[PDB]
Structures are given as structure tokens and as C-alpha cells.
Amino acid sequence: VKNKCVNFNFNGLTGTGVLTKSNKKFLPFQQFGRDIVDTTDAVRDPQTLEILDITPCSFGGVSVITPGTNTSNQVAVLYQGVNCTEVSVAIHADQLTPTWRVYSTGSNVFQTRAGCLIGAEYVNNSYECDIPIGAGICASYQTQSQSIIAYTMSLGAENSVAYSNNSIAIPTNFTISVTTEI
Amino acid sequence: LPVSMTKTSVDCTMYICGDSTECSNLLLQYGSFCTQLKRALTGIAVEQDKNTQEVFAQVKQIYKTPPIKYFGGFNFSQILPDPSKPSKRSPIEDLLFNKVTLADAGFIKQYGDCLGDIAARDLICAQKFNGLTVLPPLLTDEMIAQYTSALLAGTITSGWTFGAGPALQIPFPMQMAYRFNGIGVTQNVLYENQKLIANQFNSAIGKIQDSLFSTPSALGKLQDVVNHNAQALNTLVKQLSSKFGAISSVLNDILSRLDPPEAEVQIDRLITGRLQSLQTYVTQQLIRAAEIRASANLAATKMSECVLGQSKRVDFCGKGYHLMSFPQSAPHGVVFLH
Amino acid sequence: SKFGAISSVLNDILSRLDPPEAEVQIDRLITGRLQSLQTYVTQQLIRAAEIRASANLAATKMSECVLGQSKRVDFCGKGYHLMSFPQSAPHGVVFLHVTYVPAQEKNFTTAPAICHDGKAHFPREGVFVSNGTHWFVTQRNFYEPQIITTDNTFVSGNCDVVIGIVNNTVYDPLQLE
Amino acid sequence: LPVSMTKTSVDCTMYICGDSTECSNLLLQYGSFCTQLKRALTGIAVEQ
Amino acid sequence: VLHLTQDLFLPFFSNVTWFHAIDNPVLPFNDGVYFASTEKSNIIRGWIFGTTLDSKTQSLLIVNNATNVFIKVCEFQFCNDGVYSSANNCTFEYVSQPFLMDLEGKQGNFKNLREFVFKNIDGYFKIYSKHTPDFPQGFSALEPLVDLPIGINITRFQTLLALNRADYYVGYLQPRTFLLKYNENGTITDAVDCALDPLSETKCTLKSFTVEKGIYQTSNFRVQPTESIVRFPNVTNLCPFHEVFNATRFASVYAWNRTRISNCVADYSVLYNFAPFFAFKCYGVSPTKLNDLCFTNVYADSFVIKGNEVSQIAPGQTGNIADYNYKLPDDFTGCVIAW
Ligand SMILES: *[C@@H]1O[C@H](CO)[C@@H](O[C@@H]2O[C@H](CO)[C@@H](O)[C@H](O)[C@@H]2O)[C@H](O)[C@H]1NC(C)=O
Ligand SMILES: *[C@@H]1O[C@H](CO)[C@@H](O[C@@H]2O[C@H](CO)[C@@H](O)[C@H](O)[C@@H]2O)[C@H](O)[C@H]1NC(C)=O
Ligand SMILES: *[C@@H]1O[C@H](CO)[C@@H](O[C@@H]2O[C@H](CO)[C@@H](O)[C@H](O)[C@@H]2O)[C@H](O)[C@H]1NC(C)=O
Ligand SMILES: *[C@@H]1O[C@H](CO)[C@@H](O[C@@H]2O[C@H](CO)[C@@H](O)[C@H](O)[C@@H]2O)[C@H](O)[C@H]1NC(C)=O
Ligand SMILES: *[C@@H]1O[C@H](CO)[C@@H](O[C@@H]2O[C@H](CO)[C@@H](O)[C@H](O)[C@@H]2O)[C@H](O)[C@H]1NC(C)=O
Ligand SMILES: *[C@@H]1O[C@H](CO)[C@@H](O)[C@H](O)[C@H]1NC(C)=O
Ligand SMILES: *[C@@H]1O[C@H](CO)[C@@H](O)[C@H](O)[C@H]1NC(C)=O
Ligand SMILES: *[C@@H]1O[C@H](CO)[C@@H](O)[C@H](O)[C@H]1NC(C)=O
Ligand SMILES: *[C@@H]1O[C@H](CO)[C@@H](O)[C@H](O)[C@H]1NC(C)=O
Ligand SMILES: *[C@@H]1O[C@H](CO)[C@@H](O)[C@H](O)[C@H]1NC(C)=O
Ligand SMILES: *[C@@H]1O[C@H](CO)[C@@H](O)[C@H](O)[C@H]1NC(C)=O
Ligand SMILES: *[C@@H]1O[C@H](CO)[C@@H](O)[C@H](O)[C@H]1NC(C)=O
Ligand SMILES: *[C@@H]1O[C@H](CO)[C@@H](O)[C@H](O)[C@H]1NC(C)=O
Ligand SMILES: *[C@@H]1O[C@H](CO)[C@@H](O)[C@H](O)[C@H]1NC(C)=O
Ligand SMILES: *[C@@H]1O[C@H](CO)[C@@H](O)[C@H](O)[C@H]1NC(C)=O
Ligand SMILES: *[C@@H]1O[C@H](CO)[C@@H](O)[C@H](O)[C@H]1NC(C)=O
């Protein structure tokens, strides 16, 4: 069986990996396939004489994003470095290691470059970054009546200089400011 | 100048005991030993993001160049953004981005094509198979170019005033007159040899791209950073095939071959070796992070002093008497044009 | 932590095993504690190096901002630097940078030079500013409009090479008296 | 101001297993635990 | 302190099976049973534990009464209702204070709630209780009473009733990580699970009841395998077992014919289907665990003898056929065939 995470025990090689079709050029005397860093990569099926790859099942990490618990109790979950379509189907078939299940209402699905976020909605405005998520995406708790959104951070207030070839601006006043460094 | 390094979040149990309950249980006995390694890697990642922020986000407002480009005859096309390019990068940015090759991009979501690799799976897939991952930068390589464009378009239409308070406009010939006056030679010489200074400026800007294009490696610093990180990751992966003085080097077949109450010793030796290897990786990463942090602090100071004003300390902003500087973005670094 | 031994209390393992086998067990605890001590001391060395770098920066900042005023930009606070005051904090220092920040500004006009009679006149310090009708001289960082005098304008030029030059009259306090 | 330090070139094979083939073979099982040390020392020397 | 422990605990916000009374299903037991009951004075007398509930395996009796308890582990036969009818091979008798505490402030409105939790990890039957005078939300810890090393098998749990002329909040414990906040005077005012909600493990990861705004890397996720294939190479090349078991001129015992067996794969179903057989006495090899053993060389000797000589062929024997024609070594490992 192919195209599924399956515990294999090929000819004594125990492990867990996704198996599929490949276009290697295994010579007639070859059985295994390895890499530069010496990991078993492609295994010629003994009873199929074909070429089948091995791939990490779904190695990632879970990060929970939330405002302060004294303000609210809601949370959102981000799965590091995996198109959430795979995690979505995996939730739907119930084979993820984390037993905690965050809600999927359809409005909370966002494919970032850092994974895919679930539990928050995409507003297309731009504000100062509050909770750094990754790859130019920030999230924040904002009154609607309250929820957690996803947006792209704004680099700053938009301004344009008025440059001209014979015009200057000269200050007519001043102010004195006291900053601090620690 | 390098500014930041690739960001990694290795995880103990997946690295050290491939999905083995007994091996994880025996790893648990060592207390919060590998917890320090995690916290350390998280600190490294946050430091990298902060380094990029300090170096580049020096201005609070994004200015934009005027539609026309005629600054008294001076030529800045080679450095200002080029609208035709989809990435919106200057040609000097483009040469820099095309001369640097990254082993692991990180923002690829390469999962899904490791099964479809057809040929032997590469470094990225091999690393991902043993619980080793790379996180993407918070600020993409695109908005860094936008920060650089704002800094560039503030320098050539307002002088050094935008770095202190409000931006005040002033013609580029007058700005250059004051920059000449700052090095002890009066503005008269500029108002007499405007044409010669413009022509020399153009010629220098023209030949810098040839100097960068023809050289074998003038970008050696960033490339060494990338190569060192990739080599460290490869030597971390390669240790899982080392026997470390036991029967075998693989947990899956060490458990499938020997029973718990006698394979306990073998699992313990494997645990010791792999834990020490992870310790070494983390310590070297900490030292390299300190070095890159020092370099990033120097780069931030150099930007703040040479770009938003002209410096008097000698041989700091280039050999000779300083007049200007222009920033350009590079992969995991910055480039100054003194 | 047991570190792969019988127990994590040295005295406890002693009263339940023969000395030779107990010694075997004893080594396991010692090695784990040693590796722990090595980790602690190495991280302490890293932290001490970073603190020393910060302390050197603080010493330099104290010396330059407090015992004088600096021309380095964005070093002793944002803006044009005026003063600095030190304060003491637990395991650190706190500076109070006093800076001068400009204020409300106005588009005026400008001129690279002014050609009175065949000669280009330039402002010793400052810019040439036209209100819109009359030409004057001023500073850069503050607006103090002043009548055009030769005392503020040195003469060197020929009124033919300055791109964007304009025209007006210049004044001297010498021909009047 | 100090500017540099002495450049050491320790070699693990002779340091750990004085000219003994059995100890060399046993040390060979601990992975590449020596090439990293040699690389670090060489980098330090070039830096000096 | 905010001690975080790993032990068999009833899951938080998990469902519990609330029964009524007015026929007492024998609920299972696995990794502990959490108990609860609220009542006016008393309707529950005793408990019985174990598997098969009969006089063949060991079971448990902890029945209370007005003043004391009756803790014992015995082999009670049946009650079907005077709670037992068998105490032949039974021991482990213990007596102590009664488990039921009831107090009333001159009114029955103080329906004290009785939460009970037990376990038998490495035996050692632990007993706990706590009475607090749908289901209350305010937390309540549990205090231990007795700790006894029973060391028997437990699969099912039963509760007895009382007589008269709303309870049974029954849960189960699992190996779970819990975080418990302890007072300055040593009570437990709260507890939070570590595998129920993202916020729960978010608190457990930093072991702090208050979490500030931010994003925290908590755990690692992994798609567990959907199925498990095992695949091994192909098989062929059988032996001449049909050619040795179906000859026509089996030699006499005075010259026992020896056939050498090599270079095959060993089909052993033919050793079963061939003939109704008369003797299958194996000595050194289990007759069913023989397909899982690998041999270097095998010999097969075939001859004909009488009926008594068949039983005579055995390690360490005597007679005219075991001393003059064929001798079998005492340390022989194999199987004999006779039909
Ligand atoms: C320059 O800017 C100052 C503020 O930074 C002005 O000071 C203000 O003065 C008003 C009264 O005129 C006060 O009410 C106020 O609190 C503040 O001190 C100052 O007037 C201004 N001067 C000019 C010439 O614009
Ligand atoms: C300013 O610098 C530009 C750098 O790109 C010059 O553009 C050039 O355009 C010519 C054709 O017009 C190309 O052949 C060449 O490769 C380059 O892209 C530009 O001409 C130059 N002009 C001035 C005013 O200095
Ligand atoms: C030109 O610059 C002059 C500054 O001295 C301004 O003239 C002023 O005009 C008033 C009366 O209109 C005089 O009383 C005063 O002494 C001063 O000269 C004038 O506003 C300015 N013109 C423009 C167009 O900015
Ligand atoms: C300033 O005034 C000068 C005369 O006082 C101008 O010079 C003149 O230039 C014209 C041609 O432009 C000649 O025909 C004339 O003889 C005289 O040389 C000068 O152009 C003027 N400058 C500006 C900017 O108006
Ligand atoms: C732990 O035990 C202490 C002694 O019983 C409690 O202090 C008491 O507080 C009561 C009032 O609550 C006083 O009346 C009494 O004199 C004594 O000081 C203490 O509160 C308790 N800790 C708790 C309840 O958290
Ligand atoms: C394995 O053996 C079976 C039975 O002889 C045969 O049908 C099959 O093709 C064999 N497979 C291979 C790959 O040799
Ligand atoms: C993962 O990302 C998307 C989302 O489904 C999809 O194109 C595919 O499954 C994966 N893409 C790549 C580039 O691996
Ligand atoms: C609005 O947000 C959607 C995503 O919800 C995005 O696809 C779209 O481009 C946004 N439009 C604007 C104008 O920002
Ligand atoms: C200034 O003058 C030059 C030369 O005539 C012209 O090309 C440029 O467009 C002018 N600047 C503006 C802002 O119009
Ligand atoms: C000068 O005039 C332009 C006109 O668009 C304006 O945008 C700019 O702010 C002015 N400069 C000032 C007010 O300093
Ligand atoms: C308890 O059982 C009910 C079915 O009656 C189910 O809906 C619920 O999810 C269960 N509890 C938990 C915590 O799953
Ligand atoms: C209650 O149980 C105890 C347990 O030994 C027993 O001695 C006593 O007789 C029983 N009856 C009463 C009324 O206490
Ligand atoms: C107790 O068990 C032993 C087991 O051999 C048995 O001999 C004895 O008869 C039993 N006692 C009874 C049944 O009373
Ligand atoms: C307990 O009973 C179960 C099923 O009745 C059985 O599988 C298990 O081996 C028993 N344990 C002991 C210690 O007898
Ligand atoms: C021996 O072989 C013959 C044919 O070769 C067959 O008819 C006979 O049944 C076999 N003997 C037994 C006992 O099956
Ligand atoms: C078994 O009998 C055959 C035929 O009589 C003979 O060729 C062979 O040598 C005999 N094997 C012995 C006696 O071991």
C-alpha cells in the first residue's frame, strides 16, 4: 500500500515513512539507496522489484498563540512547516500525536510560509506587529466582540518627500526632548 | 557585513530516540538536561530577529523617491528600485542576490516532494527525517528591500535631516556643497567642477558592478556563514550512524533485536553519545551567534553614522574623506557603498 | 536525577548494595553531576562575555556623552545631542540623554549662489533663502532671517558656471560709510 | 592592548591513544569527534 | 508550590457516567476508577473488585458498617443479592475506622458529596476519600485513609447498596500529567490538566497559572502511521520430504538408512497432514514452534520395527532393539515419527 504513513519492516529495515513511486535508476545488483549523510532513502521492493521512497511522516512543531489569560481565554494553534491540508486530513482521520483539538470553523484556516494557522481569521489591514508569527505575518487580539486575527505587519506610516530642484524647508522653532537608555 | 544566521529549533526526543517509548522513557531520567538546549535555541532565534530589526528598521516612515530622476546630473538608477523587476530590486541588489546560493531556504515547505524526490533525497529531506528543522525569518527578503529603498530615498532628497527630526528637502547640488564643506574644502570647488564630479560619480558607479561581477568571490563572508551552518547541520546528522561503542547505531533495530532488561545498557550508551553530540552542536551555535551579534551591532552603528550623516573618524566609512554612503541588501547581510 | 543509577541520594544507595557494586553505581551519579557542572560553568562564561561587552559600551557612552558632547549620530539619543545625566540602577546604569529636535518648518525657496555683478557670492555658513520676493541669508537648523551682507557672503566665481544660479543685489556696510 | 595569542596544534590520535592500534580502532567508533577539534584549532590559528 | 506530577489521574472536563438507583452493571476497571456520590445519609455499603467475580480468582471486600470496615481480599463465590458464601483460601484481614463521614447542621440539606479514587499500580491497593458538605465546580482534593499491598488482578468494579423502607458519578483514571497548586498551609485549591486544551499545556509548559500575551512553542506533532506493513523476500526450493516419506523399500533396522537434508525451505504442514499417525513425541523442539527455528543440517533415518519397539525408541531406554540395532543419544533434540 502506498501514499500513506505506514510502519514498514522492509527486509529487516524497521522505520516509519511515506511510500510512493520513484524514477531512480537502480542497477540490477542494487537493493538499498542512501544519501550523502547516510540515511536509507529508496528501497527496491523485494517482491515488486520496483523503486519506493521513504519520507519523514510529518515532523513539525506546535506553537500556541494567545493574549494574556487575564484578558481572555481563547487560543489559536500554528503547526510549524507543514501545509495544513495534510494536518487537516490527519485531524479528520484522527492520527495526530497531540490529543488536544482546536476548532475548525472554515473561517480559521490560513496557509502561511511558516506552516498554516488554525483558530484565527484573515483581515487584510495593516497595523504594527504585536505577536510575531513568521514570514511577514502578525496576529493580535482586537475588538470586533473580541477575537484573534491574522494580518501582515505595516512597516510604518506612509510618507512622501516633496523634493524640488529649487525649494528648501527651514525650521522656525525647536523642541527639547529627554530620552533614556538602560 | 553579515547580520544574521539561519534559525534552527532541534528537538531532543525525535533526534535522540526515533519514536521509541522505552528510549524516551530512559531519556526522561536525565532530568531537564536537554531543556537548556531548547531554551538556548529559542534565544538564538529571537536574537537573530532582533539583529535584523536593529540593523534595518532605522526609520519610522517609508519615504518614496520622486517620479523624475534628475538630481543635478547625478546618476542613481543603479541603486534605486527598478519597477520592471517583479521583486522590485536594484541591479546591484540583483547581482548580490544571484551570487549567493543557500543550502536550506527554510521557507519552502519541502515536505511533500521528499517522497517525490525521484533521485536520492537531498540535505533538506535527510535532515528533516531526523527531527531537524529550520524556521523562516520574520521579515521577508522583500520588505527589507522596502526599508532599504526608504533609507535610500531619504538620503538623496533631504540630506541628513531625516535622521534627526522631520525631513526637510534640499537640492542635491546644495547637499553635495555642504558635504564638500564638511571636509575642509569650500563649496566653490563643487560649484565650479559640478560636471567633473558628476562624471566621476557615474564612472565609479558603473565600474563597481563590473568589479562585483568579474570576481570569483567578493561575497566570501556571507557564503562562509552559510557554509559553516550547513556543515554543522550535516555533521550533526552524520552522528546518528555512529556506533558509539554499542552493538548497533539504530534504535529501531536495536530495540527489535534485544530485550529491554539487557538492551538497557546499549540504549544508555546511545543516549550518552547522542546527548553529547547535541550539546556540542548547541555550544558551537551559541558561540557563532555571539560573533554574528557583534558584527550586526557594528553594521547598525555604521549605518546610523555613515548613512544618516557624514563621519569624521578616519577609515571608518571607507578610505579617504567621507562624503556619503548608500545601503544595499544582501542575503543575511548588508552592503555599503562608501 | 538518577542519571541511570539506582537512586539519586548517595547515602541511600550505600545501605542496600555491596561496596564494589555500590561503587559501580556511585560513578554514574558523579558523572551526571560533573556534566551538569560543566554545562553550568560554560553558560556562565558565555553570559559573562556578553555582559562585559555591554559594560564596555556603557563605559564609552558615559565618557563621551556625560564628559562632553558628541557629534556621532544616534549615539547619545535621537536628535542633536546636548547633555546626559547618569543614574544608578541595580546591576546597571541609566542615562538621561537631553537632545535638541527641530520643529515647524516652511517651504521657502533656495539658491546655490547669488551673482551681484559678475561674481558669485556664497553664504559663509547657512543657506540662501528667498521669502518669495526678497533674498536673505540664514542658518540651517534655525530660521533667523538676516539682510544679505558681504560679511556673510564671500566672493569667488564668475556668474557663468553655477547651474540654477539666481539674481539679486548684495549689500556691504563699507560703501555706506 | 593584546593583539594575538599562541597557535596550538594538538592531535587527538596521539594525545588519546599513544601509538596503539587497538586504542585507535576503539576511538574510531566515536564518530568524527576529532576532525571538529582540528578544524576549530586551525580556525583559531588563522584568526590570530 | 505548583508541583507538576505524572501519575494515574482522572481526566479533566472528561465525561463521567452518572447513574441512578431504584441493575447495578459491573463496570470495567483500567488504570483506576474515580468515584463520586451525594446522598442524604447512606445508601452504599461495600465494594468488590477483580475479574470473573467467582470462587476461582481473587477478589476484594471492603464493606463498611455503622462503626468499622471489613477490608479483605478473598475468593468469594457468589451473593446475587450476607454478601459472600466462600472463604476457604482467603487471608488479608484488616480493620480500621469507617470510611463514611456524615455531618448535618440540624438539617438534611447538607448533602455531602463523596468523591473516591483508588488504584492498584504495582499492587498496593490505595484508598482515598474526601467529603464536601448536577456537579459542583469548586475544587476538592482527596485525603488518604489506607495503603495496603494487595497485588492481585483487577478488571471489574462493583458497588453494593443499602436498605430502605442521584449518585454514581463514576470515572476512570489514565496515565496523565497534572499540575497542582498547593496553598501556603498545604491544601490543594486548584488543578489543571496538561493534555486537554492548548491553553492547558500552554500553562503546564511554563508551570504558571497566569500566562502573559505571546506565542509559546509547546510540543511536537507527528502523524502516527495509518497501518503497518511487514514485507520480507520471496520463498522457494522445498526438500524431498515426499521422496523420503513415501519410499517403497525402507531398509531394515540392522542397517538404518540415513538421508541428508540440506539447501531447502522447510514446509512443515506436510509433517502434519501425512497419515493419521501413531506417535509424535518431540523432545528438544516444540512441535508447534518449529517453523520459527533455523537449522544448519538435518538427518532423517527411516526403518521398520514392531509396535513395542516404537515406544522403545526413546532417549535412555533398554531392550533388544535399543541396544543391538539402533541407539539414540540421551541429549537428542528433535521429533520422532511413527504411523
Ligand atoms: C515653539 O514650540 C514650543 C513647544 O515646543 C512652544 O511653546 C508653547 O508655548 C505655548 C504658549 O505660547 C504654551 O502654552 C505651550 O505649553 C508651549 O510651552 C512655542 O510657543 C513655539 N514657539 C514658536 C515661535 O513657534
Ligand atoms: C545611468 O545609469 C544607468 C544604469 O543602468 C544607465 O542605464 C544604461 O542604459 C543603457 C541603454 O540606455 C544600457 O545599455 C546599460 O546597460 C545601462 O542599463 C544610464 O544610461 C545612465 N545614464 C546616465 C544619465 O548616466
Ligand atoms: C519677504 O520677506 C519679508 C521678511 O522681512 C516679509 O516682509 C515683511 O513685510 C512687512 C509688511 O508687509 C514689513 O513690515 C516687514 O518689515 C517685513 O519686511 C514678507 O512677508 C516676505 N514676502 C513673502 C512673499 O514671503
Ligand atoms: C542674472 O542677470 C544677468 C545680467 O545681470 C544675466 O546675464 C545675462 O545673460 C543673458 C543671456 O541669458 C545675456 O544676453 C546678457 O547679456 C547677460 O549676460 C543672467 O542670465 C541672469 N541670471 C538669471 C538666472 O536670470
Ligand atoms: C493555615 O492555618 C493557620 C492556623 O490555623 C491559619 O491562620 C489562622 O487564621 C485564622 C483566620 O482565618 C485565625 O483566626 C487564626 O488565629 C490563625 O491565625 C491560616 O489562615 C491557614 N491557611 C490558609 C487558610 O490558607
Ligand atoms: C514471488 O514468488 C511468487 C510465487 O512463486 C511469484 O508469483 C512472484 O512473482 C515472486 N515475486 C518476485 C518479485 O520474484
Ligand atoms: C504543500 O503545500 C500545498 C498545500 O496543499 C500543496 O501545493 C502541496 O501539498 C505542498 N506543496 C509543496 C510545494 O510541497
Ligand atoms: C482582503 O483580504 C483578503 C483575504 O481575506 C485578500 O485576499 C484580499 O487581497 C484583501 N484585499 C485588500 C484590498 O487588502
Ligand atoms: C529642476 O531642473 C531640471 C533642469 O531643468 C529639471 O530636469 C528638473 O525636473 C527640475 N526639478 C523639478 C522638481 O521639476
Ligand atoms: C512643501 O510643499 C509640499 C507640497 O505638496 C508639501 O507636501 C510639503 O509638506 C511642504 N513642505 C513642508 C511643509 O515642510
Ligand atoms: C462522553 O460521552 C459522550 C457521549 O454520550 C460524548 O459526546 C463525549 O464526547 C464524551 N466525553 C469526552 C470528553 O469525549
Ligand atoms: C462493624 O464491623 C466491625 C468490623 O470488625 C465489627 O467488629 C462490628 O461487629 C460490626 N458491627 C458494628 C455494629 O460495629
Ligand atoms: C487452598 O489451595 C490449595 C492449593 O493446592 C488446596 O490444596 C487447598 O485445598 C485449598 N483450600 C481450600 C480449597 O479450602
Ligand atoms: C489479569 O486478567 C487478564 C484478563 O483476565 C489477563 O490477561 C492477565 O494476564 C491477568 N493478570 C494476571 C497477573 O494474572
Ligand atoms: C506415494 O506415491 C504414490 C504415487 O507416486 C501415491 O499414489 C501414494 O499415495 C503415495 N503414498 C502415500 C502414503 O501417500
Ligand atoms: C539407502 O538405500 C539406498 C538404496 O538401497 C542405498 O543406495 C543407500 O546407500 C542407502 N543409504 C544408507 C544405507 O545410508
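Chain B is numbered as in Swiss-Prot; the shown residues are, in order, 727-1064.
Any Cβ shown, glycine's included, is placed from N, Cα and C.
Per Swiss-Prot, the feature disulfide bond maps to B:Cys738-B:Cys760, B:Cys743-B:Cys749, B:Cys840-B:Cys851, B:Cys1032-B:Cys1043. Annotation comment: Swiss-Prot describes B:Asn801 as N-linked glycosylation site. Residues or ranges marked as region 'Disordered' by Swiss-Prot on the basis of a curator's inference: B:828-853. Per Swiss-Prot, region 'Fusion peptide 2' is recorded for B:835-855.
For ligand 2, the neighbouring recorded positions among B:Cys743, B:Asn801, B:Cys851, B:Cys1043 are B:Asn801, by Cβ distance under 6 Å. Cα distances from B:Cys749 (disulfide bond) to the disulfide-bonded residues B:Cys760, B:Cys840, B:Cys851, B:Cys1043 are smallest for B:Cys760.
Packing around B:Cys840 (disulfide bond) is summarised by its Cβ count: 22 other Cβ atoms lie within 10 angstroms of its Cβ, all protein chains included. Counting every protein chain shown, the number of other Cβ atoms lying within 10 Å of the Cβ of B:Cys749 (disulfide bond) is 23. When Cα-Cα distances from B:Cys1032 (disulfide bond) are compared across the recorded positions B:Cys738, B:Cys743, B:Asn801, B:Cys840, B:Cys851, the shortest belongs to B:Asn801.
Chain A comes within the C-beta cut-off of under 8 angstroms for the following of the disulfide-bonded residues B:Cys738, B:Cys743, B:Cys760, B:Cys840, B:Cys851, B:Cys1032: B:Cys840, B:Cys851. The Cβ of B:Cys738 (disulfide bond) has 20 neighbouring Cβ atoms from other residues within 10 Å, across all protein chains displayed.
Closeness to ligand 1 is met by none of the recorded positions B:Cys743, B:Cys760, B:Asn801, B:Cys840, B:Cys851, B:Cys1043, no Cβ falling under 6 Å from the molecule. Other C-beta atoms found within 10 angstroms of the C-beta of B:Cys1032 (disulfide bond) number 22, with every protein chain shown included.
A sphere of 10 angstroms centred on the C-beta of B:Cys760 (disulfide bond) encloses 20 other C-beta atoms. In the three-state DSSP classification, the residue listed as 'N-linked glycosylation site' falls within coil.
Counting only residues at least six positions away in the same chain, the Cβ atoms of B:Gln836, B:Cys840, B:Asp843 sit under 8 Å from the Cβ of B:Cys851 (disulfide bond).
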